[PDB]
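For reference, data.txt (compact mmCIF, C-alpha atoms and all ligand atoms):
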# COMPACT_ATOMS: atom_id res chain seq x y z
CA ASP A 31 0.00 0.00 0.00
CA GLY A 32 2.76 2.40 1.08
CA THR A 33 0.34 4.68 2.96
CA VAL A 34 -0.10 4.28 6.72
CA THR A 35 -3.33 4.89 8.64
CA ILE A 36 -3.62 6.60 12.03
CA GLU A 37 -6.83 7.16 14.00
CA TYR A 38 -7.98 10.39 15.64
CA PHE A 39 -10.60 9.82 18.34
CA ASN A 40 -12.56 13.08 18.52
CA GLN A 41 -14.84 14.31 21.31
CA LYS A 42 -15.39 17.78 19.83
CA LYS A 43 -18.63 16.73 18.14
CA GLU A 44 -19.63 20.35 17.47
CA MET A 45 -16.45 20.89 15.43
CA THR A 46 -16.69 17.71 13.32
CA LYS A 47 -16.86 19.56 9.98
CA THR A 48 -13.89 21.88 10.58
CA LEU A 49 -11.65 19.19 12.13
CA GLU A 50 -12.25 16.95 9.10
CA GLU A 51 -11.35 19.81 6.75
CA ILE A 52 -8.13 20.39 8.72
CA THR A 53 -7.51 16.63 8.50
CA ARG A 54 -7.94 16.71 4.70
CA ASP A 55 -5.49 19.64 4.55
CA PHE A 56 -2.99 17.50 6.48
CA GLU A 57 -3.64 14.51 4.20
CA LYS A 58 -3.00 16.64 1.10
CA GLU A 59 0.37 17.72 2.54
CA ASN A 60 1.16 14.18 3.71
CA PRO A 61 0.20 11.78 0.84
CA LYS A 62 1.68 8.79 2.70
CA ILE A 63 -0.50 9.44 5.76
CA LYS A 64 -4.23 8.74 6.03
CA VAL A 65 -6.22 9.84 9.09
CA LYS A 66 -9.51 8.25 10.15
CA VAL A 67 -11.62 10.65 12.23
CA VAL A 68 -13.85 8.87 14.75
CA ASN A 69 -16.98 10.61 16.07
CA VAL A 70 -19.08 8.26 18.21
CA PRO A 71 -21.74 9.30 20.80
CA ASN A 72 -20.72 9.03 24.47
CA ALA A 73 -17.08 9.22 23.33
CA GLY A 74 -15.87 9.45 26.95
CA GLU A 75 -17.29 6.01 27.81
CA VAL A 76 -16.16 4.47 24.51
CA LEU A 77 -12.64 5.74 25.26
CA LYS A 78 -12.66 3.98 28.65
CA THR A 79 -13.77 0.81 26.86
CA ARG A 80 -11.07 1.05 24.19
CA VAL A 81 -8.17 1.88 26.54
CA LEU A 82 -8.97 -1.12 28.77
CA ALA A 83 -9.38 -3.30 25.66
CA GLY A 84 -5.85 -2.25 24.64
CA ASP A 85 -7.11 -0.64 21.42
CA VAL A 86 -5.91 2.90 22.12
CA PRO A 87 -6.42 5.32 19.16
CA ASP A 88 -3.22 6.83 17.74
CA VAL A 89 -4.29 10.38 18.61
CA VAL A 90 -6.83 10.79 21.42
CA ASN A 91 -8.95 13.84 22.21
CA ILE A 92 -8.89 13.65 26.02
CA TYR A 93 -9.52 16.34 28.64
CA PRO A 94 -6.22 16.87 30.54
CA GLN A 95 -7.84 17.61 33.92
CA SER A 96 -9.69 14.27 33.94
CA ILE A 97 -8.86 11.43 36.35
CA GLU A 98 -8.74 9.23 33.22
CA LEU A 99 -5.77 11.19 31.84
CA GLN A 100 -4.04 11.15 35.25
CA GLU A 101 -4.45 7.39 35.75
CA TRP A 102 -3.61 6.34 32.18
CA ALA A 103 -0.53 8.59 32.07
CA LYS A 104 0.90 6.85 35.15
CA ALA A 105 0.04 3.46 33.62
CA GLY A 106 2.05 4.40 30.51
CA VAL A 107 -0.86 4.51 28.04
CA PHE A 108 0.23 7.85 26.55
CA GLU A 109 3.51 9.08 25.06
CA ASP A 110 5.68 11.54 26.99
CA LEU A 111 5.50 14.85 25.11
CA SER A 112 7.68 16.85 27.53
CA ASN A 113 10.61 17.25 25.12
CA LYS A 114 8.69 17.94 21.90
CA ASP A 115 9.63 21.02 19.85
CA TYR A 116 6.00 21.86 19.00
CA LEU A 117 5.17 22.09 22.72
CA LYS A 118 6.99 25.46 22.74
CA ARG A 119 4.04 26.78 20.71
CA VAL A 120 1.86 26.37 23.82
CA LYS A 121 1.76 29.61 25.81
CA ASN A 122 0.27 30.46 29.23
CA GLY A 123 2.24 27.47 30.58
CA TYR A 124 -0.97 25.58 29.82
CA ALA A 125 0.74 22.30 28.89
CA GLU A 126 2.64 22.36 32.19
CA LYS A 127 -0.61 22.96 34.10
CA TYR A 128 -1.81 19.39 33.47
CA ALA A 129 1.54 17.66 34.01
CA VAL A 130 1.52 14.19 35.60
CA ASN A 131 4.66 13.46 37.64
CA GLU A 132 6.13 16.66 36.14
CA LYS A 133 5.70 15.26 32.62
CA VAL A 134 3.46 16.52 29.80
CA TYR A 135 1.20 13.85 28.29
CA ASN A 136 -1.35 16.16 26.65
CA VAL A 137 -1.34 19.16 24.30
CA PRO A 138 -4.28 21.46 25.26
CA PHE A 139 -4.76 23.62 22.16
CA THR A 140 -7.86 25.38 23.50
CA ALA A 141 -9.46 26.08 26.89
CA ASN A 142 -13.22 25.82 27.45
CA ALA A 143 -15.18 28.14 29.76
CA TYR A 144 -18.66 28.24 31.30
CA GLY A 145 -21.21 31.06 31.61
CA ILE A 146 -24.64 32.26 30.47
CA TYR A 147 -25.45 32.88 26.81
CA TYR A 148 -27.89 35.78 26.35
CA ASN A 149 -29.75 37.65 23.60
CA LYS A 150 -28.20 41.13 23.38
CA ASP A 151 -30.98 42.43 21.11
CA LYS A 152 -33.88 41.55 23.43
CA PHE A 153 -31.85 42.69 26.46
CA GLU A 154 -31.61 46.15 24.85
CA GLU A 155 -35.29 45.99 23.85
CA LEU A 156 -36.52 45.28 27.39
CA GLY A 157 -33.87 47.50 29.01
CA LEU A 158 -32.20 44.58 30.81
CA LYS A 159 -28.59 44.65 32.02
CA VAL A 160 -25.97 41.98 32.78
CA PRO A 161 -26.25 40.96 36.49
CA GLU A 162 -23.28 41.41 38.84
CA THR A 163 -24.73 39.70 41.93
CA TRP A 164 -26.94 36.72 42.84
CA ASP A 165 -29.75 39.13 43.77
CA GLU A 166 -29.47 40.93 40.41
CA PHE A 167 -29.47 37.59 38.56
CA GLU A 168 -32.62 36.64 40.49
CA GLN A 169 -34.26 39.95 39.54
CA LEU A 170 -33.22 39.70 35.87
CA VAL A 171 -35.01 36.35 35.58
CA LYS A 172 -38.11 37.73 37.33
CA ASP A 173 -38.12 40.84 35.11
CA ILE A 174 -38.04 38.66 31.97
CA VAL A 175 -40.93 36.50 33.25
CA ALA A 176 -43.04 39.61 33.91
CA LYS A 177 -42.34 40.79 30.35
CA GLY A 178 -43.89 37.53 29.08
CA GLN A 179 -40.59 36.07 27.86
CA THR A 180 -38.83 32.83 28.82
CA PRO A 181 -35.51 33.50 30.67
CA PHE A 182 -33.73 30.14 30.49
CA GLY A 183 -33.46 27.24 28.06
CA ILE A 184 -32.60 24.12 30.05
CA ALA A 185 -31.69 20.68 28.67
CA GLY A 186 -33.40 18.39 31.19
CA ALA A 187 -32.34 15.22 29.35
CA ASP A 188 -28.68 16.28 29.30
CA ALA A 189 -27.67 16.84 32.93
CA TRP A 190 -24.05 17.55 31.97
CA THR A 191 -25.13 20.97 30.67
CA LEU A 192 -25.55 22.25 34.25
CA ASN A 193 -22.24 20.78 35.47
CA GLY A 194 -20.52 24.17 35.15
CA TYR A 195 -23.47 25.98 36.75
CA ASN A 196 -23.49 24.05 40.04
CA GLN A 197 -19.68 23.95 40.18
CA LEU A 198 -19.63 27.75 39.88
CA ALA A 199 -22.49 27.95 42.40
CA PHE A 200 -20.15 26.35 44.95
CA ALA A 201 -17.14 28.29 43.63
CA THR A 202 -18.66 31.77 44.02
CA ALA A 203 -20.10 30.79 47.41
CA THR A 204 -16.80 29.46 48.79
CA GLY A 205 -14.28 31.71 47.03
CA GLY A 206 -12.70 29.60 44.27
CA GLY A 207 -11.87 26.13 42.93
CA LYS A 208 -9.73 25.04 45.89
CA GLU A 209 -12.28 26.39 48.38
CA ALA A 210 -15.14 24.54 46.64
CA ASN A 211 -13.28 21.21 46.74
CA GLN A 212 -12.40 21.84 50.39
CA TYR A 213 -16.12 21.98 51.22
CA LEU A 214 -17.20 19.13 48.94
CA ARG A 215 -14.35 16.67 48.41
CA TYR A 216 -11.67 17.17 51.08
CA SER A 217 -14.11 17.65 53.96
CA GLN A 218 -15.01 14.91 56.46
CA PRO A 219 -17.72 12.31 55.59
CA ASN A 220 -21.26 13.65 56.06
CA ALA A 221 -19.93 17.21 56.47
CA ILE A 222 -22.31 18.64 53.86
CA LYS A 223 -25.42 19.74 55.76
CA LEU A 224 -28.50 21.81 54.87
CA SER A 225 -27.74 24.21 57.73
CA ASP A 226 -24.31 25.07 56.27
CA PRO A 227 -24.34 28.70 54.96
CA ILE A 228 -22.30 27.60 51.92
CA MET A 229 -25.02 25.05 51.12
CA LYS A 230 -27.70 27.71 51.67
CA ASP A 231 -25.81 29.88 49.16
CA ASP A 232 -25.54 26.94 46.73
CA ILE A 233 -29.31 26.38 46.90
CA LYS A 234 -29.90 30.11 46.33
CA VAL A 235 -27.86 30.10 43.10
CA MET A 236 -29.54 26.87 41.98
CA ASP A 237 -32.94 28.39 42.82
CA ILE A 238 -32.35 31.02 40.11
CA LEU A 239 -33.17 28.21 37.66
CA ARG A 240 -36.18 27.34 39.84
CA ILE A 241 -37.78 30.80 39.71
CA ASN A 242 -41.44 30.62 38.65
CA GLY A 243 -41.68 30.39 34.85
CA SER A 244 -37.90 30.56 34.37
CA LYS A 245 -37.72 27.55 32.04
CA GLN A 246 -39.29 26.72 28.66
CA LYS A 247 -42.18 24.31 28.06
CA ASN A 248 -41.34 20.58 27.91
CA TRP A 249 -37.83 21.30 29.21
CA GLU A 250 -37.77 18.07 31.26
CA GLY A 251 -37.14 15.93 28.18
CA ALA A 252 -35.30 18.57 26.14
CA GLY A 253 -31.81 17.75 24.85
CA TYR A 254 -28.63 19.76 24.21
CA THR A 255 -29.54 20.23 20.53
CA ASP A 256 -33.12 21.26 21.40
CA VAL A 257 -31.92 24.09 23.65
CA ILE A 258 -29.37 25.31 21.08
CA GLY A 259 -32.23 25.70 18.59
CA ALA A 260 -34.57 27.27 21.16
CA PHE A 261 -31.99 29.96 22.00
CA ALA A 262 -31.09 30.51 18.33
CA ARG A 263 -34.73 30.98 17.29
CA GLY A 264 -35.23 33.41 20.18
CA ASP A 265 -37.67 31.30 22.22
CA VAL A 266 -35.46 31.67 25.30
CA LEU A 267 -33.39 34.72 26.28
CA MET A 268 -30.61 32.83 28.08
CA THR A 269 -29.05 29.36 28.33
CA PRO A 270 -26.34 28.16 30.79
CA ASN A 271 -23.71 26.15 28.89
CA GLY A 272 -19.99 25.95 28.08
CA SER A 273 -18.04 27.87 25.42
CA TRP A 274 -18.37 24.76 23.23
CA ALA A 275 -21.98 25.67 22.43
CA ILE A 276 -21.44 28.89 20.45
CA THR A 277 -20.27 27.16 17.25
CA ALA A 278 -23.48 25.10 17.26
CA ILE A 279 -25.57 28.22 17.99
CA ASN A 280 -23.90 30.17 15.16
CA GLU A 281 -24.69 27.30 12.76
CA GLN A 282 -28.42 27.73 13.46
CA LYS A 283 -28.18 31.25 11.97
CA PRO A 284 -29.75 33.41 14.75
CA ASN A 285 -31.25 36.79 13.84
CA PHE A 286 -29.66 38.63 16.79
CA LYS A 287 -26.28 39.50 18.30
CA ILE A 288 -25.16 36.92 20.87
CA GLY A 289 -23.42 37.73 24.15
CA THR A 290 -22.28 36.00 27.35
CA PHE A 291 -21.74 36.82 31.03
CA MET A 292 -20.13 34.97 33.94
CA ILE A 293 -22.16 33.55 36.82
CA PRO A 294 -21.72 36.32 39.45
CA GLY A 295 -20.91 36.02 43.16
CA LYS A 296 -22.76 37.32 46.23
CA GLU A 297 -21.28 40.80 45.73
CA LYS A 298 -19.97 42.65 42.65
CA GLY A 299 -16.56 41.59 41.30
CA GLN A 300 -16.80 38.01 42.60
CA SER A 301 -17.76 36.40 39.27
CA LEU A 302 -15.94 33.20 38.28
CA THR A 303 -15.70 30.78 35.35
CA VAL A 304 -14.75 27.09 35.10
CA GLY A 305 -13.01 25.12 32.36
CA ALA A 306 -10.00 23.13 31.13
CA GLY A 307 -8.39 21.81 27.93
CA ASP A 308 -11.11 21.55 25.27
CA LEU A 309 -9.35 20.53 22.07
CA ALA A 310 -6.64 18.56 23.87
CA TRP A 311 -4.76 15.67 22.26
CA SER A 312 -2.65 12.80 23.57
CA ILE A 313 -0.63 10.20 21.64
CA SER A 314 -0.82 6.45 22.30
CA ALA A 315 2.40 4.92 23.64
CA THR A 316 1.61 1.65 21.85
CA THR A 317 1.01 3.23 18.43
CA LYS A 318 2.50 1.51 15.38
CA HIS A 319 3.03 4.92 13.76
CA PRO A 320 4.46 7.37 16.37
CA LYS A 321 6.09 9.60 13.73
CA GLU A 322 2.80 10.07 11.86
CA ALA A 323 0.84 10.65 15.08
CA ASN A 324 3.34 13.32 16.15
CA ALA A 325 3.09 14.96 12.71
CA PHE A 326 -0.69 15.26 13.11
CA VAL A 327 -0.38 16.86 16.56
CA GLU A 328 2.45 19.14 15.37
CA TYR A 329 0.26 20.22 12.44
CA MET A 330 -2.44 21.45 14.83
CA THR A 331 0.11 23.52 16.79
CA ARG A 332 0.70 25.59 13.64
CA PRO A 333 -0.84 29.11 13.98
CA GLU A 334 -2.39 29.15 10.49
CA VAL A 335 -3.97 25.74 11.14
CA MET A 336 -5.14 26.65 14.66
CA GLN A 337 -6.63 29.90 13.29
CA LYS A 338 -8.84 27.83 10.96
CA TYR A 339 -10.18 25.93 14.00
CA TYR A 340 -10.46 29.04 16.20
CA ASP A 341 -12.42 31.06 13.61
CA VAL A 342 -15.21 28.48 13.91
CA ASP A 343 -14.86 27.29 17.52
CA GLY A 344 -14.17 30.54 19.38
CA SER A 345 -12.93 29.06 22.67
CA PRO A 346 -9.70 30.67 24.03
CA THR A 347 -6.52 29.12 22.62
CA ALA A 348 -3.06 28.69 24.15
CA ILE A 349 -1.45 28.26 20.72
CA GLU A 350 1.10 30.92 19.76
CA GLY A 351 0.52 33.29 16.84
CA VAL A 352 -3.28 33.09 16.78
CA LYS A 353 -5.26 36.32 16.37
CA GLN A 354 -8.07 36.17 18.92
CA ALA A 355 -11.35 38.11 18.94
CA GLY A 356 -12.03 41.25 21.00
CA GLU A 357 -14.74 42.28 23.47
CA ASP A 358 -17.31 42.50 20.66
CA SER A 359 -17.35 38.70 20.26
CA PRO A 360 -20.13 36.46 21.72
CA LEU A 361 -17.79 34.69 24.17
CA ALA A 362 -16.36 38.00 25.43
CA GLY A 363 -18.18 38.00 28.79
CA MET A 364 -17.67 34.28 29.45
CA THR A 365 -13.97 34.13 28.57
CA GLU A 366 -13.10 37.50 30.13
CA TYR A 367 -10.76 36.00 32.74
CA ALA A 368 -9.39 33.16 30.59
CA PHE A 369 -6.03 31.71 31.70
CA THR A 370 -6.24 33.49 35.07
CA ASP A 371 -7.07 32.51 38.67
CA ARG A 372 -10.74 33.34 38.08
CA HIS A 373 -10.73 30.59 35.45
CA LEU A 374 -10.62 27.62 37.83
CA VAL A 375 -10.16 24.03 36.66
CA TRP A 376 -13.08 21.57 36.59
CA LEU A 377 -13.66 20.28 40.12
CA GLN A 378 -13.79 16.65 38.94
CA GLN A 379 -10.01 16.96 38.60
CA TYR A 380 -9.96 15.59 42.16
CA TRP A 381 -13.10 13.44 41.91
CA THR A 382 -13.37 9.77 40.95
CA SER A 383 -16.36 10.59 38.72
CA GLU A 384 -18.69 13.46 37.78
CA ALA A 385 -21.73 11.69 36.29
CA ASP A 386 -23.65 11.56 39.59
CA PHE A 387 -22.86 15.24 40.25
CA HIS A 388 -24.67 16.06 36.99
CA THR A 389 -27.68 13.98 38.06
CA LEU A 390 -28.09 15.54 41.51
CA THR A 391 -27.76 18.99 39.93
CA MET A 392 -30.54 18.37 37.39
CA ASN A 393 -32.65 16.42 39.92
CA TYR A 394 -32.89 19.55 42.08
CA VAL A 395 -34.08 21.60 39.09
CA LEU A 396 -36.67 18.86 38.50
CA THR A 397 -37.84 18.34 42.09
CA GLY A 398 -36.57 21.21 44.27
CA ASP A 399 -35.73 18.68 46.99
CA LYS A 400 -33.23 20.57 49.16
CA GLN A 401 -32.56 17.78 51.68
CA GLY A 402 -32.52 15.25 48.82
CA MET A 403 -29.73 17.18 47.06
CA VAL A 404 -27.74 17.31 50.32
CA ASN A 405 -28.22 13.54 50.68
CA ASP A 406 -27.13 13.07 47.05
CA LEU A 407 -23.97 15.13 47.65
CA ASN A 408 -22.95 13.05 50.68
CA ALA A 409 -23.71 9.75 48.92
CA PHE A 410 -21.50 10.95 46.04
CA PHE A 411 -18.53 12.30 47.99
CA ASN A 412 -18.43 9.80 50.89
CA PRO A 413 -16.92 6.93 48.78
CA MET A 414 -14.13 9.28 47.65
CA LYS A 415 -13.32 10.31 51.24
CA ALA A 416 -13.14 6.63 52.23
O1 LIG A 501 -19.16 20.09 31.85
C1 LIG A 501 -19.27 19.04 30.88
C2 LIG A 501 -17.88 18.56 30.48
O2 LIG A 501 -17.02 19.68 30.21
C3 LIG A 501 -15.70 19.34 29.76
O3 LIG A 501 -15.68 18.67 28.48
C4 LIG A 501 -15.84 19.61 27.42
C5 LIG A 501 -16.82 19.01 26.41
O4 LIG A 501 -18.15 19.37 26.79
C6 LIG A 501 -19.18 18.82 25.95
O5 LIG A 501 -19.25 17.38 25.93
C7 LIG A 501 -19.70 16.88 27.19
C8 LIG A 501 -19.53 15.36 27.23
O6 LIG A 501 -20.22 14.76 26.12
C9 LIG A 501 -20.24 13.33 26.15
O7 LIG A 501 -20.94 12.78 27.28
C10 LIG A 501 -22.35 13.02 27.19
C11 LIG A 501 -23.08 12.11 28.18
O8 LIG A 501 -23.07 10.78 27.65
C12 LIG A 501 -23.76 9.80 28.44
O9 LIG A 501 -25.16 10.11 28.52
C13 LIG A 501 -26.00 9.48 27.55
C14 LIG A 501 -26.38 8.08 28.02
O10 LIG A 501 -26.58 7.21 26.90
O11 LIG A 501 -25.35 9.42 26.27
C15 LIG A 501 -25.96 10.29 25.32
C16 LIG A 501 -24.94 11.31 24.83
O12 LIG A 501 -24.61 11.04 23.47
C17 LIG A 501 -27.13 10.97 25.99
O13 LIG A 501 -28.33 10.74 25.24
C18 LIG A 501 -27.25 10.34 27.36
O14 LIG A 501 -27.31 11.37 28.36
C19 LIG A 501 -23.16 9.72 29.85
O15 LIG A 501 -23.95 8.84 30.66
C20 LIG A 501 -23.10 11.11 30.50
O16 LIG A 501 -22.37 11.03 31.73
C21 LIG A 501 -22.44 12.13 29.57
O17 LIG A 501 -22.53 13.43 30.15
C22 LIG A 501 -18.82 12.77 26.12
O18 LIG A 501 -18.83 11.35 26.24
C23 LIG A 501 -17.98 13.39 27.25
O19 LIG A 501 -16.62 12.95 27.17
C24 LIG A 501 -18.06 14.91 27.22
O20 LIG A 501 -17.40 15.41 26.05
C25 LIG A 501 -18.99 19.34 24.53
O21 LIG A 501 -20.00 18.79 23.68
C26 LIG A 501 -17.60 18.97 24.01
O22 LIG A 501 -17.38 19.54 22.71
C27 LIG A 501 -16.50 19.43 24.97
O23 LIG A 501 -16.35 20.85 24.88
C28 LIG A 501 -14.99 18.47 30.80
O24 LIG A 501 -13.72 18.06 30.30
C29 LIG A 501 -15.84 17.24 31.13
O25 LIG A 501 -15.22 16.49 32.17
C30 LIG A 501 -17.25 17.65 31.54
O26 LIG A 501 -17.20 18.32 32.81

Take the structure in the file and give it back as C-alpha cells.
Ligand SMILES: OC[C@H]1O[C@H](OC[C@H]2O[C@H](OC[C@H]3O[C@H](OC[C@H]4O[C@H](O[C@]5(CO)O[C@H](CO)[C@@H](O)[C@@H]5O)[C@H](O)[C@@H](O)[C@@H]4O)[C@H](O)[C@@H](O)[C@H]3O)[C@H](O)[C@@H](O)[C@H]2O)[C@H](O)[C@@H](O)[C@H]1O
Amino acid sequence: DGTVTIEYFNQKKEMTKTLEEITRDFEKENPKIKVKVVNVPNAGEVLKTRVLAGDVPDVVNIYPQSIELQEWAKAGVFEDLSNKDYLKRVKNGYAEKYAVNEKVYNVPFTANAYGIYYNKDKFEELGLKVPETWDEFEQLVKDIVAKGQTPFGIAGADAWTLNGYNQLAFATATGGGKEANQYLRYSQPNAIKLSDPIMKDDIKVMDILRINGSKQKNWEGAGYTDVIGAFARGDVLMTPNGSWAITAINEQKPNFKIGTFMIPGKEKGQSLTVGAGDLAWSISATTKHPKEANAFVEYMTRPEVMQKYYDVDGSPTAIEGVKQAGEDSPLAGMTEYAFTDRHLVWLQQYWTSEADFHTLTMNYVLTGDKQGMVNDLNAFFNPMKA
C-alpha cells in the first residue's frame, strides 16, 4: 500500500466539519499518511472501553484535567511529550498545568469556559442589564418573566449541561476552585449539611433556575440540541452552557447579536468561570506509527492551522501566533478571565467521577428537593473520602 493509517478519536462533536477539513489539509500535505476521524456518541465512555481493551487510538482527544488522563498517564498509556519542539508553541504554561509526575502527556490547544449565553438584542429591547450579583441575577429572571418572555433554556435530558453551573455555584459561594473542593471533596464524611451557609448559598444560586416560569415548556425531556435551537430561534433569552456551544448556535443562523456573562458572586466583582483543555490531544504509547501521530499533533500547533479551527470554535486558545477576537465577540463575557485565577479548573479533577454530580444537579431543578440534594452530595462524595 505504502500509505499508513492513524486514527484520531474526537470528542469535539460540534467541530466535526472543521476538524475533518483540517484533516484533509494534512492529508494533502502528507500523501503517505491517512487519518480516520472517529466521532461516536458518548465518546468518553467508549474511550474507557477502548483503553482497557488495549485498542488505544493513535491520537486521542482527552480532557487533561480528567482522572482518566491522570491514571492512564501513570500506567504508561500515553507518550511523553515533555521534550517535543512543537510544545513550545503552547503559551500560558498551559501544557505544564496538566503535568503528571512533572511530565506533559497532553497538548491542550484550547481552553473551554462556562457562563450564560444571552440575547443582546432583546436585552436592549426590554432594558435589561448583565447581572453582577446573585440578587441581580434573580431579579433579571423575574423581570423577563413579567415581560412575558422565557428567561432560560434548560436541557433536562442532558444533565451535563448544568455541570458548570453548580460547580460555579459552589465556587462563588466558597471563594474559588480550591475552596469549593475543600467543602465538597476534602471535607469529612457527612460534612455537607442543609444548615451550612455555603449550602444555603448553593441552593440560592440553583434556585435562580427554579424561579417561577424561568424555564421553557417541555424542558424536562429537552436535549442539548433542542436548547441550542430554542436559543437561536429566540424562544429563550438565556441558556447556561460551556463555550463549546457557540459554534453550534452560530450554525443555526440566529437573527440577533449573541453575548455572554459569567455567573456572578454574592457581591460585585466576585464572578468566576470554570473550564480546562477543550481541544486537547494525547498520543498512544503503543502506536504503530508514532512519527505520523506526532506529525498530526504538530500540524495542529501551527498558527495558520489553529486559526482555521479558532475562527469556527471561538474558545480561548493557548497556541502561539493566533489572532483572537475582541470584546465585541459572543464569548467576550464568558472568557473575560481566561487563563487566570478566576478561570478555575473543573472540580472533577480531584473526583473519581462526575456523572452523579450532573444527576443531583438536574434532579434539584426537577424536584426542588433541598434535603434530597444534600443527601445526594454526601452519597456521592463519601466513597471518595473513604
Ligand atoms: O461540563 C461538561 C464537560 O465539560 C468538559 O468537556 C468539554 C466538552 O463538553 C461537551 O461534551 C460533554 C460530554 O459529552 C459526552 O458525554 C455526554 C453524556 O453521555 C452519556 O449520557 C447518555 C447516556 O446514553 O449518552 C448520550 C450522549 O450522546 C445521551 O443521550 C445520554 O445522556 C453519559 O452517561 C453522560 O455522563 C455524559 O454526560 C462525552 O462522552 C464526554 O466525554 C463529554 O465530552 C462538549 O459537547 C464537548 O465539545 C466538549 O467541549 C470536561 O472536560 C468534562 O469532564 C465535563 O465536565

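A straight line drawn from atom CA of residue A:134 to atom CA of residue A:196 is 29.8 Å long.
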
Which residues sit within 6 Å of ligand LIG 501 (chain A), counting only C-alpha atoms and all ligand atoms, listed as a ChimeraX atom specification? /A:41-44,71-75,93,188,190,193-194,274,308,385

Got a sec: who's within 8 Å of residue A:224, counting all atoms listed in the file, leaving out chain neighbours fewer than 2 positions off, as an MDAnalysis selection string? chainID A and resid 222 226 229:230 400:401 404

Residues near residue A:124, cut-off 8 Å, all atoms listed in the file, skip fewer than 3 positions along chain, as a list in words: residues 120, 121, 127, 128, 138 and 348 of chain A

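Taking atom CA of residue A:268 and atom CA of residue A:195 as endpoints, the distance between them is 13.2 Å.
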
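With only C-alpha atoms as the atoms that count, the minimum distance from residue A:300 to the choices A:205, A:178, A:87, A:402 is reached by A:205.
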
As JSON, numbers by chain, please: the residues near residue A:110 (cut-off 10 Å, all atoms listed in the file, same-chain neighbours under 4 positions excluded). {"A": [103, 106, 114, 130, 133, 134, 135, 136, 312, 313, 314, 315]}

For residue A:163, the nearest of the candidates A:302, A:228, A:310, A:65, counting only C-alpha atoms: A:302

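Shortest separation to residue A:323 among A:82, A:111, A:45, A:170 occurs at residue A:111, atoms counted being all atoms listed in the file.
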
Between atom CA of residue A:246 and atom CA of residue A:144, measure the distance and give it in Å to one decimal. 20.9 Å

For a quick check of understanding, using only C-alpha atoms, which of A:343, A:237, A:126, A:350 has the smallest distance to residue A:275? A:343

With distances taken over all atoms listed in the file, which residue among A:354, A:408, A:324, A:122 lies nearest residue A:220? A:408

Atoms added to stretch 234-245 of chain A (N, CA, C and O atoms), reported as a PDB file, keeping the file's coordinate frame:
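File selection-v4.pdb, as written:
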ATOM      1  N   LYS A 234     -29.446  28.805  46.786  1.00  0.00           N
ATOM      2  CA  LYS A 234     -29.900  30.110  46.330  1.00  0.00           C
ATOM      3  C   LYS A 234     -29.563  30.302  44.851  1.00  0.00           C
ATOM      4  O   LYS A 234     -30.400  30.767  44.080  1.00  0.00           O
ATOM      5  N   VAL A 235     -28.330  29.938  44.470  1.00  0.00           N
ATOM      6  CA  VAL A 235     -27.860  30.100  43.100  1.00  0.00           C
ATOM      7  C   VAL A 235     -28.595  29.120  42.195  1.00  0.00           C
ATOM      8  O   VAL A 235     -28.939  29.457  41.063  1.00  0.00           O
ATOM      9  N   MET A 236     -28.841  27.910  42.711  1.00  0.00           N
ATOM     10  CA  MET A 236     -29.540  26.870  41.980  1.00  0.00           C
ATOM     11  C   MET A 236     -31.016  27.232  41.826  1.00  0.00           C
ATOM     12  O   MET A 236     -31.659  26.822  40.861  1.00  0.00           O
ATOM     13  N   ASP A 237     -31.536  28.015  42.783  1.00  0.00           N
ATOM     14  CA  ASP A 237     -32.940  28.390  42.820  1.00  0.00           C
ATOM     15  C   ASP A 237     -33.252  29.448  41.766  1.00  0.00           C
ATOM     16  O   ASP A 237     -34.420  29.714  41.486  1.00  0.00           O
ATOM     17  N   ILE A 238     -32.202  30.043  41.186  1.00  0.00           N
ATOM     18  CA  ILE A 238     -32.350  31.020  40.110  1.00  0.00           C
ATOM     19  C   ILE A 238     -32.947  30.318  38.892  1.00  0.00           C
ATOM     20  O   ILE A 238     -33.693  30.931  38.130  1.00  0.00           O
ATOM     21  N   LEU A 239     -32.629  29.026  38.735  1.00  0.00           N
ATOM     22  CA  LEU A 239     -33.170  28.210  37.660  1.00  0.00           C
ATOM     23  C   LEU A 239     -34.558  27.698  38.037  1.00  0.00           C
ATOM     24  O   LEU A 239     -35.266  27.152  37.193  1.00  0.00           O
ATOM     25  N   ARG A 240     -34.937  27.881  39.310  1.00  0.00           N
ATOM     26  CA  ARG A 240     -36.180  27.340  39.840  1.00  0.00           C
ATOM     27  C   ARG A 240     -37.216  28.442  40.033  1.00  0.00           C
ATOM     28  O   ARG A 240     -38.311  28.180  40.528  1.00  0.00           O
ATOM     29  N   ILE A 241     -36.864  29.672  39.636  1.00  0.00           N
ATOM     30  CA  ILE A 241     -37.780  30.800  39.710  1.00  0.00           C
ATOM     31  C   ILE A 241     -38.990  30.507  38.825  1.00  0.00           C
ATOM     32  O   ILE A 241     -38.855  29.916  37.756  1.00  0.00           O
ATOM     33  N   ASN A 242     -40.172  30.912  39.305  1.00  0.00           N
ATOM     34  CA  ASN A 242     -41.440  30.620  38.650  1.00  0.00           C
ATOM     35  C   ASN A 242     -41.398  31.091  37.199  1.00  0.00           C
ATOM     36  O   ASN A 242     -41.183  32.271  36.926  1.00  0.00           O
ATOM     37  N   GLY A 243     -41.585  30.134  36.280  1.00  0.00           N
ATOM     38  CA  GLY A 243     -41.680  30.390  34.850  1.00  0.00           C
ATOM     39  C   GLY A 243     -40.332  30.748  34.223  1.00  0.00           C
ATOM     40  O   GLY A 243     -40.286  31.456  33.220  1.00  0.00           O
ATOM     41  N   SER A 244     -39.246  30.232  34.812  1.00  0.00           N
ATOM     42  CA  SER A 244     -37.900  30.560  34.370  1.00  0.00           C
ATOM     43  C   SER A 244     -37.485  29.695  33.181  1.00  0.00           C
ATOM     44  O   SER A 244     -36.599  30.079  32.419  1.00  0.00           O
ATOM     45  N   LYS A 245     -38.135  28.536  33.027  1.00  0.00           N
ATOM     46  CA  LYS A 245     -37.720  27.550  32.040  1.00  0.00           C
ATOM     47  C   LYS A 245     -38.812  27.384  30.978  1.00  0.00           C
ATOM     48  O   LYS A 245     -39.974  27.710  31.215  1.00  0.00           O
TER      49      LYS A 245
END
